[PDB]
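Visitor: here goes the first bit of my complex:
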Amino acid sequence: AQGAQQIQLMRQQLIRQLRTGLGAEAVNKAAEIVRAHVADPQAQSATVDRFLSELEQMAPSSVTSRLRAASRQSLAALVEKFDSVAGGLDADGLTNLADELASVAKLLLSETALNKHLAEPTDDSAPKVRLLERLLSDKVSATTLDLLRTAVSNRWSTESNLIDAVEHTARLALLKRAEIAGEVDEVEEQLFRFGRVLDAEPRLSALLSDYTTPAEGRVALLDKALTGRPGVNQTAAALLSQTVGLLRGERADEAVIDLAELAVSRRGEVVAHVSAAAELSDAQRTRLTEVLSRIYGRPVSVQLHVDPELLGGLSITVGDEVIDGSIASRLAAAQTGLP
Amino acid sequence: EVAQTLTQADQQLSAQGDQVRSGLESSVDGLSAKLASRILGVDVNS
């Protein structure tokens, strides 16, 4: 009986080797076939359309991460104060305010001890206000006085949080002036393209990210190499130059994508980093935006990132949640699914 | 007895696997085509 066991075991192991091989060559040939079939644009379009239908039939659902309750609430109060006060400010006034805020943030970053003293939480903000107005009233505007007083009065977990709050207020003022000019979409697209190209060439991004080197040289590098171009929005250029000027302990591409995220969130929308092997039709884009908005309720600003490696299909990531329709992902699942 | 049965089983198993490999080769294309057809949500005539 155990000899029968042994011979049946050898037979079954031969069977298993057969199955494993057959499966390996089968999946390889299937990959070749699909890649051959997906070369033509029509297959790409049809895959996108069917996946969009699948998303349409999908049912809806419900759902700054680094900051915490105190810091998040203080920043919310600061942005509300800005919305209230700087609403009537003029575009040139907005640029002046942004420049003053960036200069103040640079001063705080360079002068660590003053940042500590101004950032240490305190129930009574009167001393903080007194020191801030004593040191700044000389070289800032009244609206800047009010914004800085509001920021310092509130609470933050650490000094870096205060620096981030000041930079965020300046960036949001720049975005306010951008929307005032009516080119909000233009700056959105420019920022996203800049982030993508910066991610593509990590060498330049890392070179910029070195805060050890004086920031004037790096911002000049950005101006002459990338930010200085014919088709570059001036507002986006200024925002990116400011962001790189304040870079410290952060990598440039991450900062740029965060800039784009904040800019889109300024209108309340949520960015959906769509990925596909080819650009979609305008009707396809509208359908995608509508279906994603329905799924997540809030309007969604779809951003297309072409990547031929998906072999057709779409991959939509938003808020740490991903719907993966990529054909490459399906092929990987099929391969790993083999016995 | 079991030793002789096992050695003959091994050699005939090698022969059977060898002759099965060719039979598998002539039929893998259809299996791969069906896989690629159903993976894409649409039939591929290839």
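Guide: Great, that's in hand. Residues are numbered from 1 along each chain as shown, chains lettered A, B, ... in the order given.

Visitor: how about the contacts made by residue A:114?
Guide: A:107, A:108, A:135 (Cβ atoms under 8 Å, 6 or more residues apart in numbering or on different chains). Quick note: C-beta positions are derived from backbone N, CA and C, even for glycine.

Visitor: now with 10 Å, please.
Guide: Contacts for residue A:114 (Cβ atoms under 10 Å, 6 or more residues apart in numbering or on different chains) come out as A:107, A:108, A:131, A:132, A:135, A:159.

Visitor: does it belong to a helix or a strand, and which?
Guide: helix A:112-119 (DSSP states H and E).

Visitor: go on, residue A:253?
Guide: Using DSSP H and E, residue A:253 sits within helix A:252-265.

Visitor: what is that helix packed up against?
Guide: Where contact means 3 or more Cβ pairs under 10 Å, 6 or more residues apart in numbering or on different chains; DSSP states H and E, helix A:252-265 is packed against helix A:159-181, helix A:184-200, helix A:202-209, helix A:234-245, strand A:270-276, strand A:300-306.

Visitor: which ones are touching whichever residue of chain B sits closest to chain A?
Guide: Residue nearest to chain A within chain B: residue B:32 (3.4 Å; Cβ to the nearest Cβ). Residue B:32 makes contacts with A:25, A:26, A:27, A:28, A:29, A:30, A:31, A:32, A:33, A:34, B:46, as judged by Cβ under 10 Å, 6+ apart.

Visitor: one step back: chain center to the helix holding residue A:114, what's the gap?
Guide: 30 Å (Cα atoms, centre = their mean, to the nearest Å).

Visitor: following sequence is chain C, add it:
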Amino acid sequence: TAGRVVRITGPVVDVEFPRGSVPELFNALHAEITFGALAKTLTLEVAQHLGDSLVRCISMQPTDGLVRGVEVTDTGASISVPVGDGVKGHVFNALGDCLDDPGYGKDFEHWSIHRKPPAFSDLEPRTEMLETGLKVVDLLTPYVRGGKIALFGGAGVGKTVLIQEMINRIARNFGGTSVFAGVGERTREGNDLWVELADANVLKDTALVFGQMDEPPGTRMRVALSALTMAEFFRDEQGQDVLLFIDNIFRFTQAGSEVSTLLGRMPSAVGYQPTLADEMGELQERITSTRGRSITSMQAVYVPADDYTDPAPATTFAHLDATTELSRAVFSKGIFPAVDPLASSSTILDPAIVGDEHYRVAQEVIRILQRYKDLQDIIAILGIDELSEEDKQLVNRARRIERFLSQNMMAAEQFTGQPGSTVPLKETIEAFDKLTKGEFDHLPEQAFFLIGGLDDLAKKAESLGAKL
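Guide: Next up, chain C placed on what we already have:
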């Protein structure tokens, strides 16, 4: 796409790569030391991914002269060693480079030294005695052909002499291939073994892979994997019986623990790495025979400070079919091989395999030696006169038995100046059956010291004035 060295601390190097170019774990990376005196090419094995595109690597060569920021190249694969019949008769290092003929084997097929062990369904227990001619081994620790044999013991108890003896007795007439892995041992011993194999004409059939105790921890970690890869190729591709000799396997674990804290891992009990059992298990489980494919492996296992409870030998014990445990106490008595018959074990020492008579004689010998061990303290304090008559008779028998388990080995001729001997298993069983029955109680115990069979016993008794 190349990385650059960020941190250098002894054998551990941190390397930063561009996003998306981070090498896979266990990949081989190359760095250059250009300082003239120590110029060389470092091979680094990726040990960890630290995040932010940094990898922590173990260097295979000393990092002296290495500089921060130097280019680091990724080979895209693990460390690989040459495989095939060509490796026979040649000496390699952990990286696969031939030492006797530098440049040899570069064109051979190369196999990665990292491999999964055989599937559980392919494992068949091995139960077949491998007769050696050593009385103690054949009687009380019968070795298994295609099984796993270990020689445990502390420093300087005869592990290497016994490994060389087993080479002489087994590999000298082996019909297959032999692989000797020198893991973190003396270079002088490696040279002596190379010369001995060349003289014995066994080298032609043997592949030697050496990583000495002067190598950095990475080389001592990976040399065993390299030799094991050669053995695995011979088992799975050439389809021939393989002899795998490893000395000393404990050095693999020791080298692993040397870098454990530099790799950031909190130490475990007795200073060992937390992953001792897992790394040992992977390596050991690769050292096995599979159905129809034989690897008779013989490992020397060093017992730190003679402490058999130490986690390294204790963890190793579970991986063996037969274990000859050498004792410092037996060594200090002049008994060689210094085997502790009460502590050694064999999985095939049962009536079903070795037979009723062999098992009976072995059990009787062990019982007598255990009783003698119990009576040692009484004899030391109160003297032997206070023992019962049967206890005195048993003590005499046990002393003669412990002396007779001693044997003059060929590999020991360099020390004793006395030629070795080989005792057939049947003669061993008959002789120890006679001993346990008291058939040799009239001979002086000195007649039983470092001899072969009963003929040698009669000769020595004649030389001492006795006669059987």
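
Visitor: please reconsider the contacts of residue A:114 now that chain C is part of the model.
Guide: Residue A:114 makes contacts with A:107, A:108, A:131, A:132, A:135, A:159, as judged by Cβ under 10 Å, 6+ apart.

Visitor: same check, this time on residue A:73
Guide: Residue A:73 neighbours (Cβ under 10 Å, 6+ apart): A:67, A:154, A:155.

Visitor: the second one: neighbour count?
Guide: So that's residue A:154. 21 (other Cβ atoms under 10 Å in any protein chain shown).

Visitor: close enough to count as contact, it and residue A:78?
Guide: Yes: contact criterion Cβ atoms under 10 Å: residue A:154 and residue A:78 qualify, at 6.3 Å.

Visitor: common neighbours of these two, please.
Guide: Common neighbours of residue A:154 and residue A:78, using Cβ under 10 Å, 6+ apart, are residue A:165.

Visitor: run the angle between the helix holding residue A:114 and helix A:159-181 for me.
Guide: Computed by axes from the mean of the first three to the mean of the last three Cα atoms, to 10 degrees, the angle separating helix A:112-119 from helix A:159-181 equals 80 degrees.

Visitor: dump the residue contacts of the residue in chain A that chain C sits nearest to.
Guide: Closest residue of chain A to chain C, Cβ to the nearest Cβ: residue A:202 (5.2 Å). When contacts are counted by Cβ under 10 Å, 6+ apart, residue A:202 touches A:209, A:251, A:252, A:253, C:18, C:19, C:20, C:21, C:53.

Visitor: tell me where the stretch 251-400 of chain C has strands.
Guide: Remark: strands assigned in the stretch 251-400 of chain C by DSSP state E, counting those that start in this stretch are C:295-302, C:322-325, C:345-346.

Visitor: here's chain D, add it to the model above:
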Amino acid sequence: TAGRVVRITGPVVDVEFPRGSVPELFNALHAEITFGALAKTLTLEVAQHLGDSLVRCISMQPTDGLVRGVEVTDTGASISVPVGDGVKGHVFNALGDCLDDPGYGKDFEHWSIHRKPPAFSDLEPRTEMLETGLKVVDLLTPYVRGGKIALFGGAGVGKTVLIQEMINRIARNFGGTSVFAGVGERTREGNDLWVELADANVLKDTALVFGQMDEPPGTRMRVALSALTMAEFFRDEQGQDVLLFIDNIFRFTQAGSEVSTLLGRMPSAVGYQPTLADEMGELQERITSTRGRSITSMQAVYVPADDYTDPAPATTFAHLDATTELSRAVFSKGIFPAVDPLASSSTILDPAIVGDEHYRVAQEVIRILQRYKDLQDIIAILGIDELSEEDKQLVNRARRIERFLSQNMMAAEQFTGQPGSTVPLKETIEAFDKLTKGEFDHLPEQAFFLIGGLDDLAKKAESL
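Guide: Chain D now in position relative to the chains above:
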């Protein structure tokens, strides 16, 4: 004002609260595990204030299935157990939840398990004897009222029957009650004890609190305090004399060590928690006599490696007043309770506490038994013939004494239908004085099995 989980590492959970809502140390918090298979309400005990509004807590239940960010509710008080007469006859866990009837006692008065010992003034300067009524215990190892008794004994030695006997005597003689604290309790043994107490009809006089083997270390650390809180309510509020059983106290110590390790504290000597003495003292100092009422404790003690100098037993014995060892040898003889009169001891067996007559009688009994034990080996090897005449006389007297230390116990009625006896202390003293003097050596040995005082001895002698 509710917190949220931020970190989970086994039973250790970090919880963040708003600025003004940080719970006090040892407060009980409630989180929820909603995963269907493992759904439960998780109890966390605040162990440290990490700062930045973060607290580190020990989960009283396994955290398997817990998610980061789920709400955590502060209950405003530490672990509180139900008290009152209603806890008698029921089984509770360390958190006060009734196990034999879930939801039972949820409306009772609830007392925090973290309480201070009686104030220095409130303590009784004079140590008092607890007259149990058992001849061996009263004579050789008298118990201290409000003190601590260590219990040692293997399996099948009457340990459970002895516990039942003490429950009976505290319930009947003193009109008191019992609380059993099973620290690191084996579930099988806990079920056995519950069923046996129900069968003995003494469960009504006992409150069982089980912190079982398969719970995280926090519950095993706090179960002793829970049971002690029930006993403290019975003493201070009900004005009763309580008997508190702890099995095993060493497991309370070991759970404390495990919790200390989980919180990252550096281990002290031999790997125990740095505050081992402090924790043991906080537990033991609450067991005492205050304002005319006492909690007496009998505690099973495990000695690691039989090393009495080990930090755990070394700290525990700093608080133990008496020792009672149960012997396989005595039990095999049929002597119940199987107390070892030579290995057992009491700290108050001194003339200054129990008087000179009691001390003299007990010392004479101990001397006779020790001499008999010395002669036991001779008797076993060479037989009683080789013994001297004085040796034979002493052997007979010692056999009669060692058999008169046996007693018909209250808890033994359910086994041997005969009811138990309660020998007054003076009666026991005089009876054993007479036995030692040699005023009963003529009577047969069998007449000394399982009887009370001298009246029962006379009756059993007549019956033979």
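
Visitor: what do you get for the neighbour count of residue A:154 once chain D is counted?
Guide: Using other Cβ under 10 Å: residue A:154 sits among 21 other residues.

Visitor: hmm, it is touching residue A:76, no?
Guide: Yes: with contact defined as Cβ under 10 Å, residue A:154 reaches residue A:76; the gap is 9.4 Å.

Visitor: and the helix ranked longest in chain B, what does it pack onto?
Guide: For chain B, the longest helix by residue count, based on DSSP state H, is helix B:2-25. Here helix B:2-25 touches helix A:2-37, going by 3+ Cβ pairs under 10 Å, 6+ apart.

Visitor: who touches the very next helix or strand once past the helix it packs on?
Guide: For helix A:2-37, the following helix or strand on the C-terminal side (DSSP H and E) is helix A:41-57. Contacts with helix A:41-57, where a contact means Cβ under 10 Å, 6+ apart, come from A:34, A:36-38, A:40, A:276-281, A:283-284, A:287-288, A:290-292, A:294-295, A:308, A:310-316, A:323, A:325-327, B:40-42, B:44.

Visitor: in ChimeraX, how would I select the buried members of the residues you listed?
Guide: A single ChimeraX command selects the buried members of the contacts of helix A:41-57 (16 or more other Cβ atoms under 10 Å in any protein chain shown):
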select /A:34,37,38,276,277,278,280,284,287,288,290,291,292,295,310,311,312,313,314,315,316,323,325,326,327 /B:40,41,44
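
Visitor: kindly identify which of the contacts of helix A:41-57 also come near chain C.
Guide: Contacts with chain C within those, as defined by Cβ under 10 Å from any Cβ of the partner chain: none are present.
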